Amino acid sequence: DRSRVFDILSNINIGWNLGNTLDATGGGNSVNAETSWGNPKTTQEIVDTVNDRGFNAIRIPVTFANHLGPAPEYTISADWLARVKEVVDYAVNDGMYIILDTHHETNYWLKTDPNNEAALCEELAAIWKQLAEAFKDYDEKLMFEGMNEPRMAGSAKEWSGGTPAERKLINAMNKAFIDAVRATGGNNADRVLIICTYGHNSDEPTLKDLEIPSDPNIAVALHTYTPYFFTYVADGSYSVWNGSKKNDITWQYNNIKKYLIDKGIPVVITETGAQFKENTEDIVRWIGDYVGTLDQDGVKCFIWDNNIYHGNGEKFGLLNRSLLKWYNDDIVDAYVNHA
């Protein structure tokens, strides 16, 4: 029975990622990392704005690598941990649901080499031990997500679920994460812990090899910017949504039902969204087909938002953080009013 997790998740309307912020990897071992990718320092006001609009759940991606001491302690620099707590505290002050993760560790130490299983498991656990300790008293609305898109950068199957050997390693790393957090006790004994697949990939071979922990207070995170060629800019990509490609979403979703939902396993889409391609009416139609598919079984999602809309980059921005106004209210309405 995993129904405690379903109840907590059912309270979520829809989620929102504080992208390109604490996950940013500039600034070295300094709090300035937060602003290194061009975003302003996060404020209570910014989180309020997100909450007020209808995003009552927030994902806080964080890259710790450059703020860690040497092995084996990997002590998180006091200043950084304090700042991460401040930003989490903004959401807590608004009674929001929260995901805290480790993010671009994949740029540094989190390279999924099966020959290096021990060093990977131990660093992950050492980091999560310190995080769990820091947030020991935080209530059940705070959730932990162990890893973000864990993979080997540059490998052939980086974005197609990796190799079968790597998928075993991900299962070991999931257990290490869970094991480390539960051992801190307090509210972490039954806190919702979100595990993931290799690269957060949701292909059938990826899901088939996913080992499910017996721990009843866990959920499976996936990333589904589906279809890729609508959501991202690339050779072959498009900005029109008429519903002819809805089959891609449904076909993928049926596999998720096959391997997780219909086995009573809680599932969360911790990242999704569509880059703005001057196609407001199309994105609104995609949201209806994509989010409406998730709503069939009450699966929740968190929208990726990096604060990029006008300038260069992946245009996942929705909230203009400097003005506290939304870049595109038609798209945002479709999200918050999905039910």
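Counting begins at 1, following the sequence as shown.
Test of understanding: from the entry's C-alpha B-factors, which stretch has the higher mean, 154 to 162 or 89 to 97?
According to the entry, 154 to 162 carries the higher average C-alpha B-factor.
Averaged over C-alpha atoms, is the B-factor higher for 105 to 113 or for 250 to 258 in this PDB entry?
Per the PDB record, 250 to 258.
From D48, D305, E278, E271, which pick has the Cα B-factor that tops the rest in the entry?
Answer for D48, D305, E278, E271: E278, with the highest C-alpha B-factor.
Considering every modelled residue of the chain and its Cα B-factor in the PDB entry, is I283 in the lowest, middle or highest third?
It belongs to the highest third of the chain when residues are ordered by C-alpha B-factor.
Can you work out whether the C-alpha temperature factor of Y225 puts it in the lowest, middle or highest third of the chain?
Middle third, going by the recorded CA B-factors of the chain.
Among the chain's modelled residues, which third holds the C-alpha B-factor of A71?
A71: CA B-factor falls in the middle third of its chain.
Ranking every modelled residue in this chain by its Cα temperature factor as given in the entry, which third contains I14?
Lowest third - that is where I14 ends up once the chain's C-alpha B-factors are sorted.
So where's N312 on the chain's Cα temperature factor ranking, which third?
According to the entry, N312 has a C-alpha B-factor in the chain's highest third.
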